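**Q** Dropping in structure-v5.csv, with CSV, C-alpha atoms and all ligand atoms.
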chain,number,residue,atom,x,y,z
A,2,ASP,CA,-10.3,2.6,-20.4
A,3,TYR,CA,-12.7,3.7,-17.7
A,4,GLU,CA,-16.0,4.0,-15.8
A,5,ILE,CA,-16.9,7.6,-15.8
A,6,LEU,CA,-19.6,8.9,-13.5
A,7,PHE,CA,-21.1,12.4,-13.9
A,8,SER,CA,-23.3,13.8,-11.1
A,9,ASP,CA,-25.6,16.8,-11.1
A,10,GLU,CA,-25.5,16.9,-7.3
A,11,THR,CA,-23.1,19.6,-6.0
A,12,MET,CA,-20.6,19.5,-3.1
A,13,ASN,CA,-17.3,21.0,-1.9
A,14,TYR,CA,-14.0,19.4,-3.0
A,15,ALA,CA,-13.5,17.2,0.1
A,16,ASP,CA,-17.0,15.8,-0.1
A,17,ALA,CA,-16.6,15.2,-3.9
A,18,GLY,CA,-13.6,13.0,-3.1
A,19,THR,CA,-15.6,11.0,-0.5
A,20,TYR,CA,-18.6,10.8,-2.8
A,21,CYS,CA,-16.5,9.1,-5.4
A,22,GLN,CA,-14.6,6.9,-2.9
A,23,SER,CA,-17.9,5.6,-1.4
A,24,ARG,CA,-18.7,4.4,-4.9
A,25,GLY,CA,-15.5,2.5,-5.4
A,26,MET,CA,-14.3,5.3,-7.7
A,27,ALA,CA,-12.0,8.4,-7.5
A,28,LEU,CA,-12.5,12.0,-8.4
A,29,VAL,CA,-11.6,12.2,-12.1
A,30,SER,CA,-7.8,12.3,-12.6
A,31,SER,CA,-5.9,9.8,-14.8
A,32,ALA,CA,-8.9,10.0,-17.3
A,33,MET,CA,-8.1,13.8,-17.7
A,34,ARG,CA,-4.6,12.9,-18.9
A,35,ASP,CA,-5.9,10.4,-21.4
A,36,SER,CA,-6.3,12.2,-24.8
A,37,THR,CA,-9.4,10.2,-25.9
A,38,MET,CA,-11.2,10.1,-22.6
A,39,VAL,CA,-10.6,13.8,-21.7
A,40,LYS,CA,-12.1,14.7,-25.0
A,41,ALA,CA,-15.3,12.8,-24.3
A,42,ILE,CA,-15.5,14.1,-20.7
A,43,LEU,CA,-15.2,17.7,-21.9
A,44,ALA,CA,-17.7,17.1,-24.7
A,45,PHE,CA,-20.3,16.2,-22.0
A,46,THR,CA,-19.5,19.1,-19.7
A,47,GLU,CA,-19.5,21.5,-22.6
A,48,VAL,CA,-23.2,20.7,-23.2
A,49,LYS,CA,-24.0,21.0,-19.5
A,50,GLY,CA,-22.2,24.3,-19.2
A,51,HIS,CA,-21.6,23.9,-15.5
A,52,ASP,CA,-18.7,23.8,-13.1
A,53,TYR,CA,-17.3,20.4,-12.1
A,54,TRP,CA,-14.7,19.3,-9.6
A,55,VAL,CA,-11.8,17.3,-10.9
A,56,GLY,CA,-9.2,15.4,-8.8
A,57,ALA,CA,-6.3,17.9,-8.5
A,58,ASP,CA,-5.2,20.4,-5.9
A,59,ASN,CA,-2.1,22.0,-4.3
A,60,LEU,CA,-2.8,20.8,-0.7
A,61,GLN,CA,0.4,18.8,-0.4
A,62,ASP,CA,3.2,21.0,-1.7
A,63,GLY,CA,1.3,24.3,-2.0
A,64,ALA,CA,1.5,27.2,-4.4
A,65,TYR,CA,1.2,26.1,-8.0
A,66,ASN,CA,2.5,22.6,-7.3
A,67,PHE,CA,-0.7,21.1,-8.5
A,68,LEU,CA,-1.1,17.3,-8.1
A,69,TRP,CA,-3.7,14.9,-9.5
A,70,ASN,CA,-5.0,12.7,-6.7
A,71,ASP,CA,-3.0,9.7,-8.1
A,72,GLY,CA,0.2,11.6,-7.4
A,73,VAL,CA,0.9,12.7,-11.0
A,74,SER,CA,1.8,16.4,-11.5
A,75,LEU,CA,-0.7,18.7,-13.2
A,76,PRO,CA,1.8,21.0,-15.0
A,77,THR,CA,1.2,24.7,-14.4
A,78,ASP,CA,1.6,25.2,-18.2
A,79,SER,CA,-0.8,22.3,-19.2
A,80,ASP,CA,-3.1,22.9,-22.1
A,81,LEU,CA,-5.9,21.8,-19.9
A,82,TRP,CA,-5.9,25.1,-18.1
A,83,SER,CA,-8.4,27.9,-19.0
A,84,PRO,CA,-6.8,31.0,-20.5
A,85,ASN,CA,-4.9,33.0,-17.8
A,86,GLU,CA,-5.2,30.2,-15.1
A,87,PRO,CA,-4.1,29.2,-12.7
A,88,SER,CA,-4.2,32.7,-11.1
A,89,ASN,CA,-5.4,32.6,-7.5
A,90,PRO,CA,-3.0,33.6,-4.8
A,91,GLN,CA,-0.3,30.9,-4.4
A,92,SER,CA,-0.6,31.1,-0.6
A,93,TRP,CA,-4.2,29.8,-0.8
A,94,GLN,CA,-5.3,26.2,-0.5
A,95,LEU,CA,-6.3,25.5,-4.2
A,96,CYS,CA,-8.5,22.9,-5.7
A,97,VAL,CA,-9.1,22.4,-9.4
A,98,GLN,CA,-12.4,22.5,-11.3
A,99,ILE,CA,-13.6,22.4,-14.9
A,100,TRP,CA,-14.8,26.0,-15.0
A,101,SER,CA,-18.0,26.7,-17.0
A,102,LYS,CA,-16.6,30.0,-18.4
A,103,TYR,CA,-14.2,28.0,-20.6
A,104,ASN,CA,-15.0,24.4,-20.0
A,105,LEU,CA,-11.3,24.1,-19.1
A,106,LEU,CA,-9.4,23.8,-15.8
A,107,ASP,CA,-9.2,26.5,-13.1
A,108,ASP,CA,-7.9,27.0,-9.6
A,109,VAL,CA,-10.4,27.9,-6.9
A,110,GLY,CA,-10.7,27.8,-3.1
A,111,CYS,CA,-12.0,24.3,-2.0
A,112,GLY,CA,-15.3,25.2,-0.3
A,113,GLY,CA,-17.7,26.1,-3.2
A,114,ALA,CA,-20.4,23.7,-4.4
A,115,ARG,CA,-19.7,22.1,-7.8
A,116,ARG,CA,-20.8,19.0,-9.7
A,117,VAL,CA,-18.8,15.8,-9.5
A,118,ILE,CA,-17.0,13.6,-12.0
A,119,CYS,CA,-15.7,10.2,-10.8
A,120,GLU,CA,-13.5,7.6,-12.6
A,121,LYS,CA,-12.5,4.0,-12.3
A,122,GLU,CA,-9.7,2.5,-14.4
A,123,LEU,CA,-10.9,-0.6,-16.1
A,124,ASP,CA,-10.0,-4.2,-15.7
B,2,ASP,CA,-31.2,16.1,-13.1
B,3,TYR,CA,-29.3,12.9,-13.0
B,4,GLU,CA,-26.3,10.7,-12.3
B,5,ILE,CA,-24.9,9.3,-15.6
B,6,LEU,CA,-22.4,6.5,-15.7
B,7,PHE,CA,-20.6,5.5,-18.9
B,8,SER,CA,-18.6,2.3,-19.0
B,9,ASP,CA,-16.1,1.0,-21.6
B,10,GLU,CA,-16.9,-2.5,-20.4
B,11,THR,CA,-19.0,-4.4,-23.0
B,12,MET,CA,-21.9,-6.7,-22.4
B,13,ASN,CA,-25.2,-8.0,-23.9
B,14,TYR,CA,-28.4,-6.1,-23.2
B,15,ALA,CA,-29.6,-8.3,-20.3
B,16,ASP,CA,-26.2,-8.0,-18.6
B,17,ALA,CA,-26.2,-4.2,-19.1
B,18,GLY,CA,-29.5,-4.0,-17.2
B,19,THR,CA,-28.1,-6.0,-14.3
B,20,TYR,CA,-24.8,-4.1,-14.4
B,21,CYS,CA,-26.7,-0.8,-13.9
B,22,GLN,CA,-29.1,-2.3,-11.3
B,23,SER,CA,-26.2,-3.7,-9.2
B,24,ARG,CA,-25.0,-0.1,-8.9
B,25,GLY,CA,-28.3,1.4,-7.8
B,26,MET,CA,-28.9,2.8,-11.3
B,27,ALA,CA,-30.8,1.9,-14.5
B,28,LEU,CA,-29.9,1.5,-18.1
B,29,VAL,CA,-30.2,5.0,-19.5
B,30,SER,CA,-33.8,5.8,-20.4
B,31,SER,CA,-35.5,9.0,-19.0
B,32,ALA,CA,-32.3,10.9,-19.5
B,33,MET,CA,-32.5,10.1,-23.2
B,34,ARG,CA,-35.9,12.0,-23.3
B,35,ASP,CA,-34.4,15.0,-21.6
B,36,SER,CA,-33.3,17.7,-24.1
B,37,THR,CA,-30.2,18.8,-22.2
B,38,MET,CA,-29.0,15.4,-21.0
B,39,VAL,CA,-29.5,13.5,-24.2
B,40,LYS,CA,-27.3,16.1,-26.0
B,41,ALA,CA,-24.6,15.8,-23.3
B,42,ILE,CA,-24.8,12.0,-23.4
B,43,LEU,CA,-24.6,12.0,-27.2
B,44,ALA,CA,-21.7,14.5,-27.1
B,45,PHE,CA,-19.8,12.0,-25.1
B,46,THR,CA,-20.6,9.0,-27.2
B,47,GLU,CA,-19.8,11.0,-30.4
B,48,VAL,CA,-16.2,11.4,-29.2
B,49,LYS,CA,-16.0,7.7,-28.2
B,50,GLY,CA,-17.4,6.6,-31.6
B,51,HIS,CA,-18.6,3.3,-30.2
B,52,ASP,CA,-21.9,1.5,-29.7
B,53,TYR,CA,-23.7,1.8,-26.4
B,54,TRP,CA,-26.8,0.0,-25.0
B,55,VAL,CA,-29.7,2.2,-23.9
B,56,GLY,CA,-32.7,1.2,-21.9
B,57,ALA,CA,-35.3,0.4,-24.6
B,58,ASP,CA,-36.6,-2.8,-26.2
B,59,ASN,CA,-39.6,-4.5,-27.7
B,60,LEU,CA,-39.8,-7.4,-25.2
B,61,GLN,CA,-43.1,-6.6,-23.6
B,62,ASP,CA,-45.3,-5.6,-26.6
B,63,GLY,CA,-43.2,-6.9,-29.6
B,64,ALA,CA,-42.7,-5.7,-33.1
B,65,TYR,CA,-42.0,-1.9,-33.2
B,66,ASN,CA,-43.7,-1.3,-29.8
B,67,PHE,CA,-40.5,0.0,-28.3
B,68,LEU,CA,-40.6,0.8,-24.6
B,69,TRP,CA,-38.1,2.6,-22.4
B,70,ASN,CA,-37.4,0.5,-19.2
B,71,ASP,CA,-39.5,3.0,-17.2
B,72,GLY,CA,-42.5,2.0,-19.3
B,73,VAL,CA,-42.6,5.2,-21.5
B,74,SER,CA,-43.0,4.6,-25.2
B,75,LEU,CA,-40.1,5.2,-27.6
B,76,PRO,CA,-42.1,6.4,-30.6
B,77,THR,CA,-41.2,4.6,-33.8
B,78,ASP,CA,-40.9,8.0,-35.5
B,79,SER,CA,-38.7,9.6,-32.8
B,80,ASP,CA,-36.0,12.0,-34.0
B,81,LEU,CA,-33.7,9.8,-31.8
B,82,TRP,CA,-33.6,7.0,-34.3
B,83,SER,CA,-30.8,6.8,-36.9
B,84,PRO,CA,-31.9,7.3,-40.5
B,85,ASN,CA,-33.9,4.4,-41.8
B,86,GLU,CA,-34.2,2.7,-38.3
B,87,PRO,CA,-35.8,0.9,-36.8
B,88,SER,CA,-35.6,-1.7,-39.6
B,89,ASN,CA,-34.9,-5.1,-38.2
B,90,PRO,CA,-37.5,-7.9,-38.6
B,91,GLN,CA,-40.5,-7.3,-36.3
B,92,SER,CA,-40.6,-10.9,-35.3
B,93,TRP,CA,-37.3,-10.6,-33.4
B,94,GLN,CA,-36.8,-9.6,-29.8
B,95,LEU,CA,-35.2,-6.2,-30.4
B,96,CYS,CA,-33.0,-4.1,-28.1
B,97,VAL,CA,-31.9,-0.5,-28.7
B,98,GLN,CA,-28.5,0.9,-28.9
B,99,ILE,CA,-26.7,4.1,-29.7
B,100,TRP,CA,-25.2,3.0,-33.0
B,101,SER,CA,-21.7,4.3,-33.8
B,102,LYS,CA,-22.5,4.8,-37.5
B,103,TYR,CA,-24.8,7.8,-36.8
B,104,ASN,CA,-24.5,8.2,-33.0
B,105,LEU,CA,-28.2,7.8,-33.0
B,106,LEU,CA,-30.6,5.0,-31.9
B,107,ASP,CA,-30.9,1.7,-33.7
B,108,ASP,CA,-32.7,-1.6,-33.2
B,109,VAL,CA,-30.5,-4.8,-32.9
B,110,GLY,CA,-30.8,-8.3,-31.6
B,111,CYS,CA,-30.0,-8.5,-27.8
B,112,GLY,CA,-26.9,-10.6,-27.7
B,113,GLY,CA,-24.1,-8.4,-29.0
B,114,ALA,CA,-21.5,-6.9,-26.7
B,115,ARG,CA,-21.8,-3.1,-26.4
B,116,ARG,CA,-20.8,-0.4,-23.9
B,117,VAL,CA,-23.1,0.6,-21.1
B,118,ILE,CA,-24.8,3.9,-20.0
B,119,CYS,CA,-26.6,4.0,-16.7
B,120,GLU,CA,-28.7,6.7,-15.1
B,121,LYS,CA,-30.1,7.7,-11.7
B,122,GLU,CA,-32.6,10.5,-11.4
B,123,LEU,CA,-31.8,12.9,-8.6
B,124,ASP,CA,-34.5,14.7,-6.6
C,201,CA,CA,-2.9,28.2,-21.1
C,202,CA,CA,-8.6,30.7,-10.8
C,203,CA,CA,-36.0,9.4,-38.5
C,204,CA,CA,-31.5,-1.7,-36.9
C,205,ZN,ZN,-7.5,5.5,-22.8
C,206,ZN,ZN,-29.8,18.8,-4.4
C,207,ZN,ZN,-18.4,28.9,-11.3
C,208,ZN,ZN,-12.1,-6.4,-21.0
C,209,ZN,ZN,-33.2,17.8,-17.2
C,210,ZN,ZN,-31.0,20.7,-10.3
C,211,ZN,ZN,-22.0,-1.5,-34.2
Kindly return the structure encoded in the file as structure tokens.
Ligand SMILES: [Ca+2]
Ligand SMILES: [Ca+2]
Ligand SMILES: [Ca+2]
Ligand SMILES: [Ca+2]
Ligand SMILES: [Zn+2]
Ligand SMILES: [Zn+2]
Ligand SMILES: [Zn+2]
Ligand SMILES: [Zn+2]
Ligand SMILES: [Zn+2]
Ligand SMILES: [Zn+2]
Ligand SMILES: [Zn+2]
**A**
Amino acid sequence: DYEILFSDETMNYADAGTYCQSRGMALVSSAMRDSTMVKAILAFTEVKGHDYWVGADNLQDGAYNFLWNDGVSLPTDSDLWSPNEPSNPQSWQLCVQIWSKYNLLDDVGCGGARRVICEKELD
Amino acid sequence: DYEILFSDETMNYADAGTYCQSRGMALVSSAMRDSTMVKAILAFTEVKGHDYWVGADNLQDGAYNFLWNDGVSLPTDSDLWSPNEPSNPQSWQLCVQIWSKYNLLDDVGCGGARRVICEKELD
């Protein structure tokens, strides 16, 4: 169960995190691992057909050691990934987005402007 | 362009309005009249398969004089309505929801608990 916020305003990955945080929420993460919720989230972004930041990156352990912001691993072989991703140089700082080309996850550098999705676990 | 918040938390119609307002947003209304956004919004609720409040009611003008909270009319013949709705007695105070049966609009009394959708136009 969640509160999911979608924003058409774009920002880099760091700013997306603080954007959600300032609202008492977090960049979407656990909701992406929830089979019902992730399906609803992707149904929305599918219509929008735009890139969105999600709360995962390799900043801590590097390479393809992707972590959701709540500390849970985003397996390199997850079905959430777009075909042939992740594929950027493992030595880069990598952030994860919902890539419009496939409406599935993708590794990118962290400076590009993208839309934002925030979550808040209920209760 | 907008900010759209979906919440699994249920409430009556009045409480949904206050819920959105306390967040600097409004019960979804103009976004429902936007061709891209309404489809994105409905794609999300389709997956969820649950009832959601929307920002429309007959409280100012009564009967089937439905108005979106921003004062714009919700035509009784809108393609947004579920088949054979609106159909509740015109003497009642009627509120509008996204009804899970069709994933389309429907008139109901205002006291039932339903999920909430808030919006915030972005300029
Ligand atoms: Ca794959
Ligand atoms: Ca990539
Ligand atoms: Ca009709
Ligand atoms: Ca009805
Ligand atoms: Zn769940
Ligand atoms: Zn802007
Ligand atoms: Zn892109
Ligand atoms: Zn509860
Ligand atoms: Zn629009
Ligand atoms: Zn725009
Ligand atoms: Zn119902």
**Q** Report the distance between CA of residue 94 in chain B and atom ZN of ligand ZN 208 (chain C) in Å, rounded to one decimal place.
**A**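 Result for CA of residue 94 in chain B versus atom ZN of ligand ZN 208 (chain C): 26.4 Å, one decimal.
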**Q** I'd like the contact shell of residue 66 in chain A - 12 Å cut-off, only C-alpha atoms, skipping same-chain residues fewer than 6 positions apart - returned as a short mmCIF file (atom, residue, chain, number, x, y, z; two decimals) with C-alpha atoms, in the coordinates of the input.
**A**
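The resulting file, out_24.cif, is shown below:
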data_model
loop_
_atom_site.label_atom_id
_atom_site.label_comp_id
_atom_site.auth_asym_id
_atom_site.auth_seq_id
_atom_site.Cartn_x
_atom_site.Cartn_y
_atom_site.Cartn_z
CA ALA A 57 -6.30 17.90 -8.50
CA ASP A 58 -5.20 20.40 -5.90
CA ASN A 59 -2.10 22.00 -4.30
CA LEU A 60 -2.80 20.80 -0.70
CA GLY A 72 0.20 11.60 -7.40
CA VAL A 73 0.90 12.70 -11.00
CA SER A 74 1.80 16.40 -11.50
CA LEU A 75 -0.70 18.70 -13.20
CA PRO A 76 1.80 21.00 -15.00
CA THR A 77 1.20 24.70 -14.40
CA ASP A 78 1.60 25.20 -18.20
CA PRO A 87 -4.10 29.20 -12.70
CA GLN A 91 -0.30 30.90 -4.40
CA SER A 92 -0.60 31.10 -0.60
CA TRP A 93 -4.20 29.80 -0.80
CA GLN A 94 -5.30 26.20 -0.50
CA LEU A 95 -6.30 25.50 -4.20
CA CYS A 96 -8.50 22.90 -5.70
CA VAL A 97 -9.10 22.40 -9.40
CA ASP A 108 -7.90 27.00 -9.60
#
**Q** Hey, which residues come within 8 Å of ligand CA 204 (chain C) if we count all atoms listed in the file? Could you give them as a count of residues only?
**A** 7
**Q** May I ask which of the residues A:37, A:119, A:31, A:9 is the closest one to ligand ZN 209 (chain C), counting all atoms listed in the file?
**A** A:9
**Q** Would you name the residues within 8 Å of ligand ZN 207 (chain C), counting all atoms listed in the file, and put them as a list in words?
**A**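 Using all atoms listed in the file, everything at most 8 Å from ligand ZN 207 (chain C) comes to residues 51, 52, 100, 101, 102 and 115 of chain A.
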**Q** Restricting it to C-alpha atoms, dump the selection as a compact mmCIF listing (two decimals), in the coordinates of the input.
**A**
# COMPACT_ATOMS: atom_id res chain seq x y z
CA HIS A 51 -21.60 23.90 -15.50
CA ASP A 52 -18.70 23.80 -13.10
CA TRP A 100 -14.80 26.00 -15.00
CA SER A 101 -18.00 26.70 -17.00
CA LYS A 102 -16.60 30.00 -18.40
CA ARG A 115 -19.70 22.10 -7.80
**Q** Select residues of chain B: the criterion is any atom within 8 Å of an atom of chain A, counting all atoms listed in the file; output as a ChimeraX atom specification.
**A** /B:2-10,37-38,40-49,123
**Q** Hand me chain B as it sits after a least-squares fit onto chain A over every Cα, paired in order, written as a PDB file with C-alpha atoms, in the frame of the given file.
**A**
ATOM      1  CA  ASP B   2     -10.326   2.440 -20.354  1.00  0.00           C
ATOM      2  CA  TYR B   3     -12.559   3.582 -17.602  1.00  0.00           C
ATOM      3  CA  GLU B   4     -15.852   3.947 -15.771  1.00  0.00           C
ATOM      4  CA  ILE B   5     -16.903   7.648 -15.684  1.00  0.00           C
ATOM      5  CA  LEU B   6     -19.654   8.909 -13.461  1.00  0.00           C
ATOM      6  CA  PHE B   7     -21.069  12.427 -13.779  1.00  0.00           C
ATOM      7  CA  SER B   8     -23.371  13.766 -11.105  1.00  0.00           C
ATOM      8  CA  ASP B   9     -25.595  16.890 -11.062  1.00  0.00           C
ATOM      9  CA  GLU B  10     -25.366  16.818  -7.284  1.00  0.00           C
ATOM     10  CA  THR B  11     -23.132  19.665  -5.986  1.00  0.00           C
ATOM     11  CA  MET B  12     -20.619  19.552  -3.205  1.00  0.00           C
ATOM     12  CA  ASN B  13     -17.299  21.046  -1.951  1.00  0.00           C
ATOM     13  CA  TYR B  14     -14.046  19.442  -3.039  1.00  0.00           C
ATOM     14  CA  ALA B  15     -13.528  17.309   0.102  1.00  0.00           C
ATOM     15  CA  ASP B  16     -17.085  15.961  -0.166  1.00  0.00           C
ATOM     16  CA  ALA B  17     -16.596  15.195  -3.889  1.00  0.00           C
ATOM     17  CA  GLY B  18     -13.605  13.006  -2.995  1.00  0.00           C
ATOM     18  CA  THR B  19     -15.621  11.074  -0.432  1.00  0.00           C
ATOM     19  CA  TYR B  20     -18.644  10.888  -2.743  1.00  0.00           C
ATOM     20  CA  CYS B  21     -16.486   9.150  -5.403  1.00  0.00           C
ATOM     21  CA  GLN B  22     -14.668   6.948  -2.831  1.00  0.00           C
ATOM     22  CA  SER B  23     -17.978   5.726  -1.304  1.00  0.00           C
ATOM     23  CA  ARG B  24     -18.807   4.396  -4.773  1.00  0.00           C
ATOM     24  CA  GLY B  25     -15.557   2.536  -5.346  1.00  0.00           C
ATOM     25  CA  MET B  26     -14.306   5.310  -7.651  1.00  0.00           C
ATOM     26  CA  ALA B  27     -12.072   8.416  -7.508  1.00  0.00           C
ATOM     27  CA  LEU B  28     -12.478  12.022  -8.379  1.00  0.00           C
ATOM     28  CA  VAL B  29     -11.596  12.169 -12.053  1.00  0.00           C
ATOM     29  CA  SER B  30      -7.838  12.386 -12.541  1.00  0.00           C
ATOM     30  CA  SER B  31      -6.019   9.855 -14.860  1.00  0.00           C
ATOM     31  CA  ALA B  32      -8.885  10.035 -17.279  1.00  0.00           C
ATOM     32  CA  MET B  33      -8.239  13.753 -17.640  1.00  0.00           C
ATOM     33  CA  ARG B  34      -4.673  12.880 -18.944  1.00  0.00           C
ATOM     34  CA  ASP B  35      -6.066  10.460 -21.463  1.00  0.00           C
ATOM     35  CA  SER B  36      -6.489  12.045 -24.936  1.00  0.00           C
ATOM     36  CA  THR B  37      -9.693  10.219 -25.848  1.00  0.00           C
ATOM     37  CA  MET B  38     -11.419  10.320 -22.464  1.00  0.00           C
ATOM     38  CA  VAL B  39     -10.671  13.895 -21.592  1.00  0.00           C
ATOM     39  CA  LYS B  40     -12.289  14.967 -24.920  1.00  0.00           C
ATOM     40  CA  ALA B  41     -15.368  12.803 -24.211  1.00  0.00           C
ATOM     41  CA  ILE B  42     -15.573  14.112 -20.642  1.00  0.00           C
ATOM     42  CA  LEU B  43     -15.219  17.705 -21.845  1.00  0.00           C
ATOM     43  CA  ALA B  44     -17.811  17.095 -24.598  1.00  0.00           C
ATOM     44  CA  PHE B  45     -20.243  16.223 -21.918  1.00  0.00           C
ATOM     45  CA  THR B  46     -19.481  19.091 -19.628  1.00  0.00           C
ATOM     46  CA  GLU B  47     -19.584  21.530 -22.614  1.00  0.00           C
ATOM     47  CA  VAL B  48     -23.254  20.641 -23.161  1.00  0.00           C
ATOM     48  CA  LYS B  49     -24.001  20.925 -19.407  1.00  0.00           C
ATOM     49  CA  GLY B  50     -22.252  24.335 -19.212  1.00  0.00           C
ATOM     50  CA  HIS B  51     -21.636  23.970 -15.501  1.00  0.00           C
ATOM     51  CA  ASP B  52     -18.661  23.747 -13.160  1.00  0.00           C
ATOM     52  CA  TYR B  53     -17.337  20.363 -12.153  1.00  0.00           C
ATOM     53  CA  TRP B  54     -14.689  19.314  -9.565  1.00  0.00           C
ATOM     54  CA  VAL B  55     -11.756  17.267 -10.856  1.00  0.00           C
ATOM     55  CA  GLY B  56      -9.206  15.405  -8.849  1.00  0.00           C
ATOM     56  CA  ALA B  57      -6.345  17.937  -8.540  1.00  0.00           C
ATOM     57  CA  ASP B  58      -5.185  20.349  -5.833  1.00  0.00           C
ATOM     58  CA  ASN B  59      -2.204  22.004  -4.249  1.00  0.00           C
ATOM     59  CA  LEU B  60      -2.688  20.577  -0.723  1.00  0.00           C
ATOM     60  CA  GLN B  61       0.413  18.474  -0.485  1.00  0.00           C
ATOM     61  CA  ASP B  62       3.121  20.743  -2.020  1.00  0.00           C
ATOM     62  CA  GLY B  63       1.349  24.202  -2.040  1.00  0.00           C
ATOM     63  CA  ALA B  64       1.497  27.153  -4.322  1.00  0.00           C
ATOM     64  CA  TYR B  65       1.239  26.083  -8.028  1.00  0.00           C
ATOM     65  CA  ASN B  66       2.483  22.517  -7.286  1.00  0.00           C
ATOM     66  CA  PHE B  67      -0.739  21.012  -8.525  1.00  0.00           C
ATOM     67  CA  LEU B  68      -1.090  17.264  -8.120  1.00  0.00           C
ATOM     68  CA  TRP B  69      -3.670  14.866  -9.507  1.00  0.00           C
ATOM     69  CA  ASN B  70      -5.053  12.613  -6.652  1.00  0.00           C
ATOM     70  CA  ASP B  71      -3.004   9.704  -8.068  1.00  0.00           C
ATOM     71  CA  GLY B  72       0.141  11.696  -7.326  1.00  0.00           C
ATOM     72  CA  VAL B  73       0.909  12.713 -10.996  1.00  0.00           C
ATOM     73  CA  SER B  74       1.774  16.346 -11.514  1.00  0.00           C
ATOM     74  CA  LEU B  75      -0.664  18.704 -13.253  1.00  0.00           C
ATOM     75  CA  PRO B  76       1.870  20.929 -15.006  1.00  0.00           C
ATOM     76  CA  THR B  77       1.252  24.615 -14.438  1.00  0.00           C
ATOM     77  CA  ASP B  78       1.576  25.138 -18.201  1.00  0.00           C
ATOM     78  CA  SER B  79      -0.804  22.305 -19.201  1.00  0.00           C
ATOM     79  CA  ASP B  80      -3.022  22.929 -22.231  1.00  0.00           C
ATOM     80  CA  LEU B  81      -5.844  21.812 -19.831  1.00  0.00           C
ATOM     81  CA  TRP B  82      -5.886  25.083 -17.988  1.00  0.00           C
ATOM     82  CA  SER B  83      -8.284  27.879 -19.023  1.00  0.00           C
ATOM     83  CA  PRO B  84      -6.625  30.988 -20.439  1.00  0.00           C
ATOM     84  CA  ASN B  85      -4.787  32.948 -17.815  1.00  0.00           C
ATOM     85  CA  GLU B  86      -5.187  30.180 -15.094  1.00  0.00           C
ATOM     86  CA  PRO B  87      -4.028  29.192 -12.700  1.00  0.00           C
ATOM     87  CA  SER B  88      -4.103  32.690 -11.152  1.00  0.00           C
ATOM     88  CA  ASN B  89      -5.367  32.552  -7.631  1.00  0.00           C
ATOM     89  CA  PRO B  90      -3.060  33.572  -4.734  1.00  0.00           C
ATOM     90  CA  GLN B  91      -0.378  30.907  -4.137  1.00  0.00           C
ATOM     91  CA  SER B  92      -0.819  31.128  -0.433  1.00  0.00           C
ATOM     92  CA  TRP B  93      -4.307  29.582  -0.624  1.00  0.00           C
ATOM     93  CA  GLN B  94      -5.211  25.924  -0.527  1.00  0.00           C
ATOM     94  CA  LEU B  95      -6.325  25.546  -4.146  1.00  0.00           C
ATOM     95  CA  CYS B  96      -8.592  22.926  -5.739  1.00  0.00           C
ATOM     96  CA  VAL B  97      -9.192  22.432  -9.471  1.00  0.00           C
ATOM     97  CA  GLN B  98     -12.353  22.513 -11.358  1.00  0.00           C
ATOM     98  CA  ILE B  99     -13.656  22.409 -14.881  1.00  0.00           C
ATOM     99  CA  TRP B 100     -14.773  26.023 -15.092  1.00  0.00           C
ATOM    100  CA  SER B 101     -17.956  26.711 -17.085  1.00  0.00           C
ATOM    101  CA  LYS B 102     -16.578  29.945 -18.576  1.00  0.00           C
ATOM    102  CA  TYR B 103     -14.089  28.075 -20.833  1.00  0.00           C
ATOM    103  CA  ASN B 104     -14.892  24.403 -20.081  1.00  0.00           C
ATOM    104  CA  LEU B 105     -11.297  24.154 -19.149  1.00  0.00           C
ATOM    105  CA  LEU B 106      -9.403  23.785 -15.820  1.00  0.00           C
ATOM    106  CA  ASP B 107      -9.209  26.520 -13.230  1.00  0.00           C
ATOM    107  CA  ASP B 108      -7.873  26.938  -9.706  1.00  0.00           C
ATOM    108  CA  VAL B 109     -10.430  27.923  -6.938  1.00  0.00           C
ATOM    109  CA  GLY B 110     -10.708  27.808  -3.205  1.00  0.00           C
ATOM    110  CA  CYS B 111     -12.068  24.383  -1.964  1.00  0.00           C
ATOM    111  CA  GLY B 112     -15.361  25.290  -0.427  1.00  0.00           C
ATOM    112  CA  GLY B 113     -17.684  26.083  -3.315  1.00  0.00           C
ATOM    113  CA  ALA B 114     -20.410  23.700  -4.405  1.00  0.00           C
ATOM    114  CA  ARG B 115     -19.742  22.151  -7.836  1.00  0.00           C
ATOM    115  CA  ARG B 116     -20.793  19.025  -9.751  1.00  0.00           C
ATOM    116  CA  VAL B 117     -18.828  15.832  -9.480  1.00  0.00           C
ATOM    117  CA  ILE B 118     -16.954  13.551 -11.985  1.00  0.00           C
ATOM    118  CA  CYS B 119     -15.652  10.231 -10.790  1.00  0.00           C
ATOM    119  CA  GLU B 120     -13.524   7.634 -12.517  1.00  0.00           C
ATOM    120  CA  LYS B 121     -12.531   3.969 -12.197  1.00  0.00           C
ATOM    121  CA  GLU B 122      -9.809   2.520 -14.359  1.00  0.00           C
ATOM    122  CA  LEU B 123     -10.739  -0.811 -15.869  1.00  0.00           C
ATOM    123  CA  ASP B 124      -8.177  -3.553 -16.537  1.00  0.00           C
TER     124      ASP B 124
END
**Q** All residues within 7 Å of ligand CA 201 (chain C) are required, counting all atoms listed in the file; please report them as a ChimeraX atom specification.
**A** /A:78-80,82-86
**Q** How many Å lie between CA of residue 27 in chain A and CA of residue 28 in chain B, rounded to one decimal?
**A**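 Interatomic distance here is 21.9 Å.
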**Q** Work out how far apart CA of residue 19 in chain B and CA of residue 98 in chain B are and give it in Å to one decimal.
**A** 16.2 Å
**Q** From the set B:65, B:116, B:33, B:104, which residue has the shortest atom-to-atom contact distance to residue 21 in chain B, counting all atoms listed in the file?
**A**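 Using all atoms listed in the file, residue 21 in chain B sits closest to B:116.
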**Q** Using all atoms listed in the file, pick whichever of A:62, A:71, A:54, A:103 has the shortest atom-to-atom distance to residue 12 in chain A.
**A** A:54
